[PDB]
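Everything on this sheet refers to the single structure shown next.
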Amino acid sequence: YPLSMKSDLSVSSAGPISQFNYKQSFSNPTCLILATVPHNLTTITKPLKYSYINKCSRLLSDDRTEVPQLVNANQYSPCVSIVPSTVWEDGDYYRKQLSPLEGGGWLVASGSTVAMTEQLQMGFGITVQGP
């Protein structure tokens, strides 16, 4: 997680990170740490680029109605099945036909990319219930 969209990574935020990427439980204490690995830890390998999902919605069987698919707390987004591990390019879009048993229609996902930094910046969402 690069620092440039810090405002999106907040508990009281309505950004795409909350909607379709990462939402936390409201009944348990949760800290968020935005950190960077400047030079020391070479064991951490930087990825190709930062990626996130800015749209995760389902098309109904009428091909006209779109229902957003919000990810629940401590769960994976339903759109990760078609979104690759790293989004290839900014504004990429993916479609998947839905079987009638699953509800019919289509599943549509949209991913965006953020360029790399010199030092890898990461985020920690840490949820809770000495010598």
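Numbering-wise, the sequence shown is residues 399 to 527, 541 to 542 according to the authors' numbering. Where a beta carbon is used, it is the ideal one built from N, C-alpha and C, also for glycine.
*Anyone know if the C-beta pair for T484 and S455 falls short of 7 Å?*
no
*asked:* As a quick exercise: from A471, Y492, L505, pick the residue whose alpha carbon is nearest that of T428.
replied: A471
*Kindly list the residues whose CB is nearer than 8 Å to the CB of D406, restricted to its own chain and excluding five residues on each side of it in sequence; keep chain order.*
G413, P414, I415, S416
*beta strand (DSSP E) runs contained entirely in the segment 480–506, provided each spans 3 or more residues*: 490–495
*Find the nearest neighbour of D490 within the set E500, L499, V506, judged by alpha-carbon distance.*
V506
*What is the rounded straight-line gap between the Cα of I431 and the Cα of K404?*
10 Å
_Of the listed residues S402, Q467, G521, nearest to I451 (C-alpha basis)_ = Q467
*Can you tell which of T434, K421, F424 has its C-alpha closest to the C-alpha of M514?*
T434
*With 16 as the cutoff for other CB atoms within 10 Å, does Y399 come out buried or exposed?*
buried
*What number of angstroms, rounded off, separates the C-alpha of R493 from the C-alpha of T463?*
15 Å
*Do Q519 and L401 have their C-beta atoms closer together than 7 Å?*
yes
*DSSP state of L439 mapped onto helix, strand, coil*: coil
*asked:* Please state whether the Cβ-Cβ distance between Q517 and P436 is less than 7 Å.
replied: yes
_Need the endpoints of the beta strand (DSSP E) that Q519 sits in, please._
518–525
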